[PDB]
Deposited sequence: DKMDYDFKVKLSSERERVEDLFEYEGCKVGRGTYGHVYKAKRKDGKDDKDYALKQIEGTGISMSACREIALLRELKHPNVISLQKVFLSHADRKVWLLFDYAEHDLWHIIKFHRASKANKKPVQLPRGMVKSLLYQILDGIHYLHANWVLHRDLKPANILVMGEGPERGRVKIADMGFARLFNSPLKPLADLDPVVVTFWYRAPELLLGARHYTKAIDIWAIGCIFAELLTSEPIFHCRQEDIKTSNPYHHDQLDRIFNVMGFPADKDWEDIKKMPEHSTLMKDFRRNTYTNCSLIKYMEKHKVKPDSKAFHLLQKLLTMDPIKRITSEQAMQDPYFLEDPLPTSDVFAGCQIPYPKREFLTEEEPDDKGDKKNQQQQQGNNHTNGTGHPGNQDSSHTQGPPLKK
């Protein structure tokens, strides 16, 4: 390898520690790696960024998939990769993103703790932007595969105030898993993401996870809870349920009779959501047990729910004060 080429590139190579201040500003640690709240040192920008050090070293499959994909994607409702740093000395890969101050996990928990349920305008706006982001991913044949409140980010004060940013920790709590996965489906589908979105919408409406459950693809108690809420599917409701590899296990463990008084209508009534509402009718189309009977993200965006007063807003907080706490440093 040519010496002149090497020293030249080394001299011009931007380093994360030279460009950004993130010492003691860690805001997450996980299997994904580490995430810091960073600000530019050379103070042109003066704006917050999320800085991810990818777990491991080198170009792992994980680092490669995240870089390859996020390099191409461009939508207001999907988290955006701004810059990639390759640290030659230690082979660490750093990724710089939009900083989203908030997320649905903390937002829902804040409201669930206050016992003030979610404002109805905010819920509609959250759901619309989520759908809009997923529709963009799905049109590009990008499945999310782990949609849940923790992965719906929401921007704080700034130029994108109250805008949803879909993110991922890279997992790849079964509360958002579609029944087909629980019954051993082998492939992820657009329908699986739609189920999860239905689950998030119910949670936004009630403040409680709809398929809440205590902590091999088959999980008995998670199916039990789904049937406690939805009822047990009739042959007519999901004809291909018999083709699922765990179908016989389901028949062994469960009796239709156990869930005769159970339905989504009855569940939502107990949490003071009206079954006559356009909200409930959209929710029921998202939470359909048979995946081929679930509406697509585009059809959900076209629902009359979003034409009803109040209209979705770009800022989910509709110009109001944000009561939710900022992220704490670790």
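- Coordinate coverage of the deposited sequence breaks at 1 to 2, 118 to 122, 180 to 197, 241 to 246, 362 to 405, these segments carrying no C-alpha atoms.
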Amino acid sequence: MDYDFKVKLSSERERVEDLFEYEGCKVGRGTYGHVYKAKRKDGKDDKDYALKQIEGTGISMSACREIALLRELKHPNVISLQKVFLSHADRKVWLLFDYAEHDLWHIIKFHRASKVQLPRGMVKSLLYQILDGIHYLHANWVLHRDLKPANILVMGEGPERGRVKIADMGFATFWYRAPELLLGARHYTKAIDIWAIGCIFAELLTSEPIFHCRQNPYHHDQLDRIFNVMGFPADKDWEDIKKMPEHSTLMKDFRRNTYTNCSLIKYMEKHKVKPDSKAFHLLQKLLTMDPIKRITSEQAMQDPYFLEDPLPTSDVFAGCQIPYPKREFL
From here on, numbers count along this sequence of modelled residues.
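Each form is matched to the other, and the largest set of C-alpha atoms that superpose within 1.5 Å is called the rigid core.
- Between stretches 226 to 234 and 86 to 94, greater average Cα displacement in 9 other deposited structures of this protein relative to the shown form, fitted by the core, falls on 86 to 94.
- Taking the rigid core as the alignment reference, the C-alpha atoms of 163 to 171 lie farther on average from the displayed form in 9 other deposited structures of this protein than those of the other stretch among 163 to 171 and 245 to 253.
- Compared with other PDB entries of the same protein, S207 is present in all of those that resolve the residues around it, none of them, let alone a third, dropping it.
- Modelled in this chain, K115 is nonetheless absent from a third or more of the other compared entries whose models extend past it on both sides.
- For the pair 34 to 42 and 301 to 309, the mean B factor over Cα atoms is greater in 34 to 42.
- 268 to 276 and 51 to 59 differ in mean CA B-factor, and the higher of the two is recorded for 268 to 276.
- The PDB entry assigns the greatest CA B-factor among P217, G133, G198, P209 to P217.
- When the Cα B-factors of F97, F110, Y128, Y188 are read from the PDB record, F110 comes out highest.
- Per the PDB record, residue ranking by Cα B-factor puts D146 in the lowest third of the chain.
- In the PDB entry, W175 places in the middle third of its chain by CA B-factor.
- Ranked within its chain, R161 lands in the middle third, by CA B factor from the PDB record.
- Among the modelled residues of the chain, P76 sits in the lowest third by CA temperature factor in this PDB entry.
- Residue-level temperature factors show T260 in the highest third of its chain, judged at the C-alpha atom.
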